[PDB]
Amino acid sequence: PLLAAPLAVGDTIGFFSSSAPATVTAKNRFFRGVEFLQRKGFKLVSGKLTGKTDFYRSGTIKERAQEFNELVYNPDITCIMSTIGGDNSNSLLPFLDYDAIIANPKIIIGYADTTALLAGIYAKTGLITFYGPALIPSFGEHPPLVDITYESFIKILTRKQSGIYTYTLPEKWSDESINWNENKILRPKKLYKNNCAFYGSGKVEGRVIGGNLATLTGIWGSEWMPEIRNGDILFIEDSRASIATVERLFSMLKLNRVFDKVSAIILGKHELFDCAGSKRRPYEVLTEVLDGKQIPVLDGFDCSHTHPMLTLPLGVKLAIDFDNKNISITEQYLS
């Protein structure tokens, strides 16, 4: 695999808006995110579309591709971080400078819609990219949850690449839709005990692949969708979807023979899932779709739209121990 250099405190982080123009529409939260990372000692470089709007997006397809490419060309930047997702990052894929990415590997990090870039770049370059924090939703989050997000971010990206890394489980989490772009808190988010479940036994080790499932539909079947291979661990998360949509997306995977290949499935916690009154969870829907297939599932991994969020390298081996109820990175993911 192609590996980026590890992050260090004091490094320069560049940010880009590949879809929604939230540096404008969520300016308060954006500034909170900027100030948070600066106080940690990071220098920030704003992508050229910061502060711009083209209604539903930051700018044209070509301009968004250029914004990203320019961060790649900057020799001072060690980490390229999404500001926020949206719907439209898949548009950029024909125009990203993959040769430049190969020539100077950097940490590329974000989630949700940014999956199209994370998976696309991996498909074209073999670069290990990261499902993790975006500047606005993740680092604009109020304490205490932002601190746990940051603890994972910094641990994953700065640690020595010696031995396996075993994830810590966030004690509490939330998906409550409050304190988004308001300047003051009013009240802290409702906190839930971590209900992550390990369905299966033994230990499964395999290359992790995936991201936001809804977003994967935008690159599916193309040369930018990384091939899912025998033994892969499929990582998928979705946000604010109906149970109808969740069934549709799970069945899509089934039709594509994905469940004949994967050694395990990781389901990220689903932010504000709409069960249409059925009281069913995504795992139950997956079970129906699987039609007897005995795939072990880690249900409710904290790498999704819920807070706090852990940082996950994509394209390297993980080991899920279903008996000991833990998950580890077992393959080197930074240089």
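Numbering starts at 1 and runs along the sequence shown.
- Taking the PDB entry as given, 186-194 carries the higher mean Cα B factor of the two stretches 186-194 and 239-247.
- Looking at 101-109 and 165-173 together, the entry lists the larger mean B-factor for 165-173, computed on C-alpha atoms.
- Residues shown: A26, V289, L310, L49. Highest C-alpha temperature factor in the entry: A26.
- Placement of the Cα temperature factor of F153 within the chain: middle third of the modelled residues, per the deposited record.
- Per the deposited record, the Cα B-factor of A20 falls in the lowest third when ranked against the other modelled residues of its chain.
- Among the modelled residues of the chain, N230 sits in the middle third by CA temperature factor in this PDB entry.
- The entry lists a Cα temperature factor for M81 that places it in the lowest third of the chain's modelled residues.
- Per-chain ranking of the deposited C-alpha B factor places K62 in the middle third.
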